[PDB]
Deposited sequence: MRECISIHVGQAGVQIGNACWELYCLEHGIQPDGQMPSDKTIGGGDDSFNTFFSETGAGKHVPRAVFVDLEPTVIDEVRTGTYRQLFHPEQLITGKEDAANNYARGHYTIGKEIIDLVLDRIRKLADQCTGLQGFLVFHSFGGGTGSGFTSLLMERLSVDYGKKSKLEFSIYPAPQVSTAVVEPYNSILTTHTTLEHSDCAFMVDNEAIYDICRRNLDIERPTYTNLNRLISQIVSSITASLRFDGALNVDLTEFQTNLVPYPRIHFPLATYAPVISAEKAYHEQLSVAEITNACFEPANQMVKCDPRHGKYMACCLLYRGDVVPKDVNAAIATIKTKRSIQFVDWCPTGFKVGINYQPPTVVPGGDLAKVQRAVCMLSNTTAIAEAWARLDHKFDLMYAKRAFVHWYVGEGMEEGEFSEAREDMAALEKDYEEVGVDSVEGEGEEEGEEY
């Protein structure tokens, strides 16, 4: 009942996983060895063996051994089933075609089988939670090989997808635009709700709200994990207005292809700041409509809102929430589309946000995660297809992709399909 299989692909997905599973163990009170000292609240994420050991409903996949061998050696080595951690022989080299066509074939039929040996333990599997990098070779190419299989083997089941997406200026690779554009078929055809996130936006959120001058990835992953906990909290706990994983989508997604919401969390705040402000429902609701808190570097004021899911958790009351979203409807800078007169889906859940004890983020009685479908996100696509255009006009790295079994025409067919999505998000704003 209410299970979610969680798939963590390549270094970014595995390292966000290593923060998600750090959080879910604390929030359910599971030890890092998988035991539980002293109710079904853990069941969405944890299978229970007869011995009294909890086991996570997850798969970690990397085509190179290094990051998953860290998990198999660090403090979580006792938690996972030693076959649900899957390592290939050779790296995908930031090349989509190694992930999808050449190295992915040597491990996909093992990955998909271990996913099936998790599904046979569920009773009403609610959906999939797929975590990856858009810029990676495994991140783009292996996720796109895996989603194509999952979308024929589990066609009804909703596939939610958490993507670290290329930034305006911050980048780690030269070929990040190629891998991202080649991924756009995956998200359009074989995904049901795709949460784009940006490293440069979280780096700025960390600088302004957390007072941390120079963050690592472990800081970012303790913000991305906090969103997925807050999405799943209605699946795991009691609330005044619990939201199902399918109910969420019926309010977020206005049209079949328009399933790329922004996400944001409030209050992101340092423990030193959190004493000197009161953090009421109205304050944390207004914080979600600041450009300063969006986790993709695009401005929501250059768009129109189609729908917002305000998923509150902790000590919040429907009085306060209605009184808050009445002020958001009053502000003329926050503009909805003419065809969504309701605008807001509200969720309210009684479980406060857990604090990771080694984290930068305050204890707070309340949080909200706002997940928001808006026309503005098309600018994050207009940035990256302008990076693609400069390189494909030269064929600047194309021999590495053609050399590993890809058709050269797939680059044109992917830039074409992205232009049809960037068209669709401009078309519905009117």
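- Point out each run of deposited residues with no C-alpha coordinates, keeping the order of the sequence. Absent from the structure are positions 39-45, 438-451.
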